[PDB]
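Asks: quick one: initial chain(s) of a complex, as found there:
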Amino acid sequence: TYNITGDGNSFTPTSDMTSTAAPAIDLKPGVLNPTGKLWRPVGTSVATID
């Protein structure tokens, strides 16, 4: 970090650079999913696929 109380610092507000952060995010239920729960062939070897 730099001493804030120095010279050279630009005050250039532009349309191009419109303030933004991440205020909130999408958390719709629908959106939560993707997708498949992970499972196993009973627990024995490759036979129990059923």
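Replies: Looks like it came in fine. Numbering: from 1, shown residues only, chains lettered A, B, ... in the order given.
Asks: would you map the helices across chain A?
Replies: A:29-32 (DSSP state H).
Asks: pick out the residue closest to the middle of chain A.
Replies: residue A:25 (8.7 Å; Cα atoms, centre = their mean).
Asks: distance-wise, check it relative to residue A:19.
Replies: With distances taken as Cβ to Cβ, to the nearest Å, residue A:25 is found 18 Å from residue A:19. Quick note: C-beta positions are derived from backbone N, CA and C, even for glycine.
Asks: contacts only, for residue A:45.
Replies: With contact set as Cβ atoms under 8 Å, 6 or more residues apart in numbering, residue A:45 has no partners.
Asks: phi first, then psi, for it.
Replies: Main-chain torsions, residue A:45, degrees, to the nearest 10: phi -60, psi -170.
Asks: how many residues are close by residue A:15?
Replies: Residue A:15: 5 surrounding residues under other Cβ atoms under 10 Å.
Asks: residues contacting it?
Replies: Applying Cβ under 8 Å, 6+ apart to residue A:15 gives no contacts.
Asks: any idea how far residue A:9 is from the residue lying closest to residue A:49 once chain neighbours are set aside?
Replies: Distances taken as Cβ to Cβ, 6 or more residues apart in numbering put residue A:41 closest to residue A:49, at 5.5 Å, once the chain neighbours are dropped. Distance of residue A:41 to residue A:9, computed by Cβ to Cβ: 64 Å.
Asks: could you do residue A:46 as well?
Replies: Separation of residue A:46 from residue A:9 (Cβ to Cβ) stands at 66 Å.
Asks: neighbour-wise, which of these two wins?
Replies: Between residue A:46 and residue A:9, counting by other Cβ under 10 Å, residue A:9 is the more crowded of the two (9 against 6).
Asks: attach chain B to the model above:
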Amino acid sequence: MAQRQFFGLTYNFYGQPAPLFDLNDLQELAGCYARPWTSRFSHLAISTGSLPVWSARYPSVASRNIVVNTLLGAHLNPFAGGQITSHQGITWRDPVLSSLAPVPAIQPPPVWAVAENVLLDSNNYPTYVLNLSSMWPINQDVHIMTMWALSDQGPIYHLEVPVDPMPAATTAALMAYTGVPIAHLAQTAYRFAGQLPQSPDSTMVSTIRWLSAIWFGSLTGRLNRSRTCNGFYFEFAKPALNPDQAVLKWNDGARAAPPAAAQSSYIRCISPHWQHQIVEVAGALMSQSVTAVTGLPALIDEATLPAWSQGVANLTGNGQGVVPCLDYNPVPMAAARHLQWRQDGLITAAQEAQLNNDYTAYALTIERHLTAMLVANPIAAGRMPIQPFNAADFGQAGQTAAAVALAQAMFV
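Replies: Chain B, in position alongside the others:
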């Protein structure tokens, strides 16, 4: 060693007024033979599945197995009777039971004890217990009897894997026998065990028990070329028709995972096909020898047992060792074995698994039809030289897959 209450169980009859044989058949037996000792029987059995097991009298090896038992069962009731009986055919060649004699002349007084379905305690008979030495070879024979007779199925075979202290001496010797089929090893074993009034010397004993496991383990799938008991497995020679002869084979792949300590099972075969499977039978004969030495957990609890063979002395119980018996149908197991093999990626199912399942399907069919057709005669005539059993008995069920899974977990 002298397990005092050496009580042995004689076979029931299939809703028959008489024990399982007719007079002619018993005549055949007693007479055309002589000694009450298994030499003769083993002679037949030994001939490495070459000779057809069929005859006019004797449909299978197992047939003979059954009439051997019934023979025993009947003729013991004589001399093992409360005050000694013996006539009608058999009046024993000496009190010491030397030979199957046709009624000594001036000897009527010892009747033919008409018994029903009855266990006997060998040691409760004074003659029997006097002759404790000579008793020993026949007790072996006795067990064989009992352990088929207990049930209405294929034999109740016992298994044992004592894990960890494994004799180095056993290893060494056993290796020399590599190349031979289970059958001949068994034969020598029985012969020894009989020949010498039975020893506490666990040598023999251990050896048989290990062998039994290795076979069973092999037969299941658990044991094979790549998963061995140190090198040990049994190799199923000739992958075409169902005669896939289990030879002891020693190949170094892996040493399979040492179980926790002492693993015990007992198997029975629910399906009459057992009859033509010398493999299956030969384990059961092995486990008998074992018995003579050892006081096995009080026999397969009455839950899977016909009513006549419930509440037997000190044999069936409810809260002991091995409450349930492990049960199989032979043809489904072969499938089971191929399963494991494939699961391991030992082999492609592609051609290997398909082919042999094809052949064993054939072998089933052949067997099933022969056993049924033969049973027809006894199931119409007063004579019975064969296992009794309904067509529904052949069923692909009887806890077949559970057995397999248990056998496997045992190996862990």
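Asks: with chain B now part of the structure, what is the answer for the contacts of residue A:45?
Replies: Going by Cβ atoms under 8 Å, 6 or more residues apart in numbering or on different chains, residue A:45 touches residue B:343.
Asks: all helices of the stretch 251-400 of chain B, in order?
Replies: Under the criterion DSSP state H, counting those that start in this stretch, the stretch 251-400 of chain B contains helices at B:278-293, B:330-343, B:349-376, B:400-410.
Asks: which of those is buried the deepest?
Replies: helix B:278-293 (a mean of 23; mean count of other Cβ atoms under 10 Å in any protein chain shown).
Asks: report the angle between it and helix B:330-343.
Replies: Interaxial angle of helix B:278-293 relative to helix B:330-343 (axes from the mean of the first three to the mean of the last three Cα atoms, to 10 degrees): 100 degrees.
Asks: can you spell out which helices and strands pack onto helix B:278-293?
Replies: Of the remaining helices and strands, those touching helix B:278-293 by 3 or more Cβ pairs under 8 Å, 6 or more residues apart in numbering or on different chains; DSSP states H and E are helix B:61-79, helix B:132-149, strand B:157-158, helix B:182-195, helix B:202-220, strand B:266-269.
Asks: one more pass at 6 Å, please.
Replies: The contact analysis (3 or more Cβ pairs under 6 Å, 6 or more residues apart in numbering or on different chains; DSSP states H and E) places helix B:278-293 against helix B:132-149, strand B:157-158, helix B:182-195, helix B:202-220.
Asks: for the last one, which positions count as buried?
Replies: Which is helix B:202-220. B:204-220 (16 or more other Cβ atoms under 10 Å in any protein chain shown).
Asks: what about the closest residue to chain B within chain A, distance to residue B:408?
Replies: Going by Cβ to the nearest Cβ, chain B is nearest to residue A:45 of chain A, at 4.0 Å. Per Cβ to Cβ, residue A:45 is found 11 Å from residue B:408.
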